[PDB]
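Structure 1 and structure 2 below are two forms of the same protein chain, each written out on its own as structure tokens.
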Structure 1
């Protein structure tokens, strides 16, 4: 018998753990600070209402609909809606995207674990005062961990501690996934989400008390929420907003679908809305009130924007620890920060590995033990690419996490609302609950959302170390297409 979420709330809490992750505390501050903070929020809100919320309901519908027929993954669920062979091929992306994203997501999550260990024990840089002299020791601290070469070289030389901690991170993910849906993920989400909420609120309160001659914690909140309608015409802001919305809500990652497949009795309208608002609260209230207000309080708005533009990890791994280190007990604040990130990423990595696990369980009839171990071997083996090859992690985040989920999000929209039938999809979404979707969203999900994506997708169009990554992940797609072929012959 297929696994089962014990309670309706347990699925909602695990869905919040799926959504709330490193994108709320690491990706969102960088995206907002890059695109002007407040000027970024208007397209972010519009993208959340026109793309985020509707796609959250759809994927939950396809998952619950497919889960009633014993299928959790997209290759089988796409075929149920569209009885076509090409539907199974496009469904491979629902296994390929979560696999490629988990290759680098779990590794970045291992950094938060390793940093939390050394910050707890107190093995952090020592500063004695220009901002560069406080920020430089922590920049060298991160570069020694992941093994960045001095200047430019195609090969990374990560530390032995980082490689060992990555093994521990893979072991922790397996330990949770090996126990299953109810006894493992649902059990862990009930504990991690309150811990996530308590740590973040404590950090937000501590950050809010920071004040220097150059800035105030409230100055960063004013920078993030004062809108700028002049930058509304910038297409780059709309691209960053929709891409951010896809990432934080786990849209196009095939993770919402498999999670929803383990519960037939569920109001997907209220459950999908609760999980989204829970994620957006942690994103713009908690994640938005830590990194940006602390950076602005110590360096000002102008320098805080330049810091977020220097790198994706420059804020949460370098600037925020160095800022904390200038305060009493800041080494412990650093520990609480990365411990906050570790629980945020751990509850999301187990969510993006279950799709490949559910495929081996449901389509190839493998036991959960063998399913978890085999997908873990795929993730651990492939992770050596992003561990040692410079810019290899950036190529995976682009193809699978950036352009893939947008392409896959439009694909599941068309299959569900255009091929399967808009009225059948509308019936399936609002079925089985007291909360019903307003009728206006029927036109958003049938006309607005697909046109909004397609228009934004075509308006997007305007070192050999990347070819190894392209060559590798292409083989990952061919390998998963092969198993979908094998699972079709067994049936």
Structure 2
């Protein structure tokens, strides 16, 4: 089996899996909407009670499977629970990252396309008032993605956008096809420092911004002043737990597969902790310091709230571009910003594609080249639904990317700490640990973490699924049909894997 070459490379790859667009766009928007500085209360709590515990568990599951030649959950789940239903639940854990890859690489491609456009200065140039600066950037984005101009939910990406998607897939493939140590690890070692450098440069540049409407300080102010009254609200705790889940990429399958290239007794306790901490620093220190402070410096605390409510995507792809178009050196700054996002996405998309690659390798015994190419083929083909059908992305992100991962995380907790055995689980996590998990986490993992996740899944799912099932356009069924198809396809491959195994 492939293995990480260095401790540092492992950790930077795992950190790269976690550090994505969310660090710089989602966290700051969720913190601003869910109590500002107060949000660090439920956020730090979620980190300690859900994020850390589940992260170690996923590392443990992957290292465990890896020792037996298995990096994906159909096989691993079955190893933890020798039952046909385990294999099936396991399929769900491979379907998630496949479906996510199918929209995420396209999202990633947009950051590359915008970096290129911003680098060469092929961007809009306004001219006044807020909407007069935003609209040209909204149009710029809408033209790139091909947002429907009419009543058909059909998208039409620009040719440039499509070609950039091809290039982005190519770049992912170039990395992946070199494998774990010479591809992913090697890339992480360049990518994480680059990312760090860009983010710091960005934070500095941002902190200098002054306009008649305000300064970067005003932005930090608005972002971080506590609103302790929002803690009363239950949706703030859901937001925090969800933000932790998303930021650490839990339940998505990448951690498990990456951890499957960690050696049998090689530490995961400290390595996992260190990768999580890197993500948290990039998230709260860097991400907390760029996008919102810029937007508030430029638009002023007067529009802070409306800006936060308009969301992470508008913030990263319309509002900041616009702000860059109005500040000194801003076009080049825009390139730096999108370059940052691109490496942030790229370090995660290689991670999210590796599980399908591992599966084909481990279970169907494809060569790495064939596994990477067929995985790229499936993702590339599939992504055409996402590129051309409006809201397809959203439906995949919901069922696989959201409901899916949280339910799957809960499943991970139960299979590992309850079915496999709480004491076996504990020993599996701690074996070879450079440091040991505090004994108190045994109870957190067995009782607290699953309870938490059970609430996130439940209290929340009641408040989401009915809307998605009832208030959506009929075309959602197209995406549902297709991804259910993908689930059936994976079930079939697992069936073939087990037939191939019985033969040999």
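Positions refer to the first chain, counted from 1. C-alpha atoms forming the largest set that superposes within 1.5 Å between two forms make up the rigid core.
Only one entry in 318, 415, 308, 172 has its C-alpha moved by 2 angstroms or more between structures 1 and 2 when the rigid core is superposed, and that entry is 308. In this overlay on the rigid core, residue 224 has a C-alpha that sits 2 Å or more away from its partner position between structures 1 and 2. Core-aligned CA deviation for residue 38 between structures 1 and 2: 2 Å or greater. After superposing the rigid core, the Cα of residue 29 is displaced by 2 Å or more between structures 1 and 2. Core superposition places the Cα of residue 211 2.6 Å apart between structures 1 and 2. At residue 152, the distance the Cα travels between structures 1 and 2 is 4.2 Å after the core is superposed. Core superposition places the Cα of residue 364 0.5 Å apart between structures 1 and 2.
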